[PDB]
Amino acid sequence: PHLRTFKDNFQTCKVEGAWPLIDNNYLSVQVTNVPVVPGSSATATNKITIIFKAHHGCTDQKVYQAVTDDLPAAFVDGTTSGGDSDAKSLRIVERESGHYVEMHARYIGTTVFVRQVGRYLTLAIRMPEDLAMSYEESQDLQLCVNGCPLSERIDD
């Protein structure tokens, strides 16, 4: 599918199967993509997983997962928010009467959107610069940071 990296450039990649968009000390975002028509190189996203990693005292770990035709406004555990009752440090909301949902992680100034478009999912993330770059090295494979490996790209 069509990737927009943190560094503001576009790429169209196959990246069929499971792929990490982000994989850092605060957040993991994982997508499963699949060919839009059989035997084709062009792909779309049918599963999106997010892990908001535990931030001592702010939220415990929470996990969003959505798939084609199952786009909940809650985390896997049924909850709609993270940790403290008084603090909405992490919360998730339904939007456009259900057609997309958005997650506000105030604790890491990060906003994440997941949407169903026909039979697949789009994803959008807005994240602070420093926290995005927080990933330890040899943890290098994050599509949002580095883009697709060249071999996985449609435009030679």
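Throughout, we count residues from 1 along the sequence that is shown.
- Of the two stretches 86-94 and 117-125, which shows the higher Cα B-factor on average in the entry? Of 117-125 and 86-94, the stretch with the higher C-alpha B-factor average is 86-94.
- Message: Please compare 61-69 with 127-135 and name the stretch with the higher mean C-alpha B-factor in the deposited structure.
- Response: Looking at the record's C-alpha B-factors, the answer is 127-135.
- residue 110 by Cα B-factor - lowest, middle or highest third of the modelled chain: Middle third of the chain for residue 110's C-alpha B-factor.
- Message: By the recorded C-alpha temperature factor, relative to the other modelled residues in its chain, which third is residue 49 in?
- Response: It falls in the bottom third of the chain.
- Message: Is residue 32 in the lowest, middle or highest third of its chain when residues are ranked by C-alpha B-factor?
- Response: Lowest third.
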